[PDB]
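Note: ideal-geometry Cβ built from the backbone for every residue, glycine included; neighbour counts use all protein chains shown. Each answer follows from the model by the rule given with it, or from the source it names; no laboratory instrument gave them.
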Amino acid sequence: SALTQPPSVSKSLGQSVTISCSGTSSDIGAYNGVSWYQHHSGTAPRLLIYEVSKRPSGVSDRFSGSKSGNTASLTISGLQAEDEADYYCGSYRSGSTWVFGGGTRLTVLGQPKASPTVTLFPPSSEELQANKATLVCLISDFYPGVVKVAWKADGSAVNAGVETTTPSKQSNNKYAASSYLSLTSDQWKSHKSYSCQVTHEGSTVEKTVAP
Amino acid sequence: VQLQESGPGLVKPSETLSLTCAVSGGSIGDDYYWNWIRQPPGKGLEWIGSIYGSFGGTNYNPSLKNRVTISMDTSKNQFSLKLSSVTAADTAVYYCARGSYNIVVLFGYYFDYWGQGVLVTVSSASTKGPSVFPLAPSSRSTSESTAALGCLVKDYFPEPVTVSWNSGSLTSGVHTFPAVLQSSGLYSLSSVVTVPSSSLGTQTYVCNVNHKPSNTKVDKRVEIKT
């Protein structure tokens with residue numbers, strides 16, 4: 001906070017969006033010094049714009065910036081999937097400090113539907129010696145980023161022992177997620193088959209492992 | 001020009017966080033601002049403070065100035081951060097960053113070059129190194145003539161673990177999946193790689209699991225089930 005941005009904006013592929021940044025007369029309105037920053041999950045913030053409208057070499061044409069009074073604006077044209085990120089404005093403030101905006105999370109809508117590939121692994125022999133068994137179900141290449149996972153043991157639903165991650169974007173702009181079934185070696189060996197079932201957009205993939 | 005954060009990923013509440021930024025590819029006594037910025041989870045970016053290369057003057061985020069000291073050592077070519085009386089709300093990714101300026105009273109300054117970020121977790125709970133187990137190759141979910149294999153990295157704390165394959169010489173078809181967090185308080189993740197079925201038996205495959213918060217490294221050989 002202290003500089004105000006919309007929490008999120010959503011636009012379709014190809015369209016253009018504007019991200020605003022409301023500050024004060026000691027900041028945005030005091031200097032020609034608002035910068036913008038692109039922040040992809042996992043890497044450091046990348047400078048997009050400095051001194052209100054300047055682009056560093058290497059930042060695309062589609063990114064532009066301006067300001068009017070105490071409000072600065074960032075405009076992205078020709079929105080692509082890759083543009084999905086958190087975007088921050090910031091500025092020098094009188095008294096020699098620095099303040100960021102709260103950040104805007106950009107979603108880009110209209111991307112192609114992709115069903116997940118599902119990779120299920122049995123516990124290792126080594127882990128089974130230690131009397132525990134972890135089934136690893138890796139879910140990849142899906143869009144949109146929402147799946148429901150269910151585990152079965154000889155056709156019977158399992159609820160305990162299960163932890164599933166929130167979908168996260170791969171380099172190729174599709175989504176990945178994993179689900180884990182934590183068992184004891186006793187449990188694992190006493191069933192004939194375990195199954196990992198992933199439902200995406202009304203369709204289900206099922207992989208099975210066996211002792 | 002490069003910046004690189006180092007320091008403990010784990011710090012007990014009430015105690016003092018210490019980070020150092022080693023600056024390469026340019027001197028640290030030049031005409032620049034050296035900055036610390038953090039990002040608590042879900043929160044946004046937050047400037048912490050800065051030190052000025054040529055003279056060493058510091059400035060701090062007003063709501064953190066009583067808890068923060070930023071220093072610089074011109075030999076070693078580093079600057080550093082100390083944050084006192086830490087709490088759970090200081091759990092964050094910390095970045096160092098260079099502030100480039102022209103005339104501060106007209107244009108301020110901006111952050112052109114950044115470090116990569118180090119996660120710091122505030123927690124009374126102790127360090128826990130991972131147990132690594134093979135994920136045996138399976139062909140059914142990949143393309144023809146290939147198979148996927150990997151490593152389960154189990155029960156560590158805190159984040160992060162990094163995985164590479166065959167000492168970084170195998171980077172094609174690698175996918176490391178985001179960690180999962182158990183009710184135990186520990187994390188686990190998996191890294192997999194898609195390789196040619198023909199190379200199994202011939203080519204040795206090793207996941208290089210790196211867990212810096214516990215100073216533990218594991219190079220695990222991934223075998224077929226015997």
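Looking at the range A:154-177, I want the residues that are more than 10 Å from chain B (Cβ to nearest Cβ) and have a partner that is among the basic types (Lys, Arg) and surrounded by fewer than 18 Cβ atoms within 10 Å (Cβ to Cβ) with Cβ atoms under 6 Å, at least 6 apart or on another chain. Which pairs are those?
A:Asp154/A:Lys192
Do you know which residues across the range B:49-102 are over 22 Å from B:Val1 (Cα atoms) and aliphatic (A, V, I, L, M)?
B:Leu64, B:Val68, B:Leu83, B:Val86, B:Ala88, B:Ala89, B:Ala92
Just a yes or no: is a residue in the range A:130-144 over 19 Å from A:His200 (Cβ atoms), surrounded by fewer than 16 Cβ atoms within 10 Å (Cβ to Cβ) and basic (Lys, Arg)? Please lay out each step first, then the result.
Taking the range A:130-144 first, the residues over 19 Å from A:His200 (Cβ atoms) are A:130-135.
Now drop any that are not surrounded by fewer than 16 Cβ atoms within 10 Å (Cβ to Cβ), which leaves A:130-131.
Narrowing further to those that are basic (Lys, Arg): none.
The answer is no, given that none of the residues of the range A:130-144 is over 19 Å from A:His200 (Cβ atoms), surrounded by fewer than 16 Cβ atoms within 10 Å (Cβ to Cβ) and basic (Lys, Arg).
Give me the strands (runs of 3 or more DSSP E) completely within the range A:1-94, filtered to those with at least 1 residues that are among the aliphatic types (A, V, I, L, M) and touching a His at 6+ places or on another chain (Cβ under 8 Å), ordered by residue number. Let's see the steps before the verdict.
Numbers: elements: A:8-12, A:17-22, A:34-39, A:46-49, A:63-68, A:71-76, A:85-93.
Hits in the range A:1-94: A:85-93.
Could you figure out which of (1) without any contact (Cβ under 8 Å) to a residue 40 or more places away in the chain; (2) facing chain B (nearest Cβ under 9 Å); (3) crowded, with 22+ Cβ neighbours inside 10 Å; (4) not hydroxyl-bearing (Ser, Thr, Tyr) isn't true of A:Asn32?
Of the numbered conditions (1) without any contact (Cβ under 8 Å) to a residue 40 or more places away in the chain; (2) facing chain B (nearest Cβ under 9 Å); (3) crowded, with 22+ Cβ neighbours inside 10 Å; (4) not hydroxyl-bearing (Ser, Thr, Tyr), the odd one out for A:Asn32 is (3).
Just to be sure I understand the filter: pairs with C-beta atoms under 9 Å, separated by 6 or more residues or on different chains, first member in the range B:166-193 and closer than 15 Å to B:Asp219 by Cα and more than 11 Å from every other protein chain (Cβ to nearest Cβ), second member assigned to a strand (DSSP E or B) and acidic (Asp, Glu). Which pairs pass?
Note: pairs meeting the criteria are B:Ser167/B:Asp219.
It is to be established whether one or more residues within the range A:108-121 are within 21 Å of B:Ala147 (Cα to Cα), loosely packed, with under 14 Cβ neighbours inside 10 Å, hydrophobic (A, V, I, L, M, F, W, C) and not assigned by CATH to the domain that holds A:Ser26.
No, the range A:108-121 contains no residue that is within 21 Å of B:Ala147 (Cα to Cα), loosely packed, with under 14 Cβ neighbours inside 10 Å, hydrophobic (A, V, I, L, M, F, W, C) and not assigned by CATH to the domain that holds A:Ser26.
Within 17 Å of A:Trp98 (Cα to Cα) and surrounded by fewer than 20 Cβ atoms within 10 Å (Cβ to Cβ) - does that describe any residue in the range A:4-12? Even if it seems obvious, please write down each step before you answer.
Narrowing the range A:4-12 to residues within 17 Å of A:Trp98 (Cα to Cα): A:4-5.
Narrowing the set further to residues that are surrounded by fewer than 20 Cβ atoms within 10 Å (Cβ to Cβ) leaves A:4.
Looking through the range A:4-12, at least one residue is within 17 Å of A:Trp98 (Cα to Cα) and surrounded by fewer than 20 Cβ atoms within 10 Å (Cβ to Cβ).
When only residues in the range B:71-116 that are surrounded by fewer than 13 Cβ atoms within 10 Å (Cβ to Cβ) and more than 18 Å from A:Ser96 (Cβ to Cβ) count, which is nearest to the other protein chains (Cβ to nearest Cβ)?
In this case the residue turns out to be B:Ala89.
In the range A:1-60, how many are more than 21 Å from B:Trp114 (Cβ to Cβ) and either outside the structural domain of A:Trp98 (by CATH) or among the β-branched types (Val, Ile, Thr) (or both)?
Counting residues in the range A:1-60 that are more than 21 Å from B:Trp114 (Cβ to Cβ) and either outside the structural domain of A:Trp98 (by CATH) or among the β-branched types (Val, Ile, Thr) (or both) gives 6.
Just give me the residues in the range B:122-158 being more than 10 Å from chain A (Cβ to nearest Cβ), more than 30 Å from B:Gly9 (Cα to Cα) and in contact with a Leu (Cβ under 7 Å, 6 or more places away or on another chain), in sequence order.
B:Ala147
Yes/no matrix, rows are residues, columns are (1) among the β-branched types (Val, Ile, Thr); (2) touching a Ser or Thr at 6+ places or on another chain (Cβ under 9 Å); (3) more than 30 Å from A:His200 (Cα to Cα):
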site: A:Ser1; (1), (2), (3): no, no, yes
site: A:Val9; (1), (2), (3): yes, yes, no
site: A:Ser20; (1), (2), (3): no, yes, yes
site: A:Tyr37; (1), (2), (3): no, no, yes
site: A:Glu51; (1), (2), (3): no, yes, yes
site: A:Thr75; (1), (2), (3): yes, yes, yes
site: A:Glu84; (1), (2), (3): no, yes, no
site: A:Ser94; (1), (2), (3): no, yes, yes
site: A:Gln111; (1), (2), (3): no, no, no
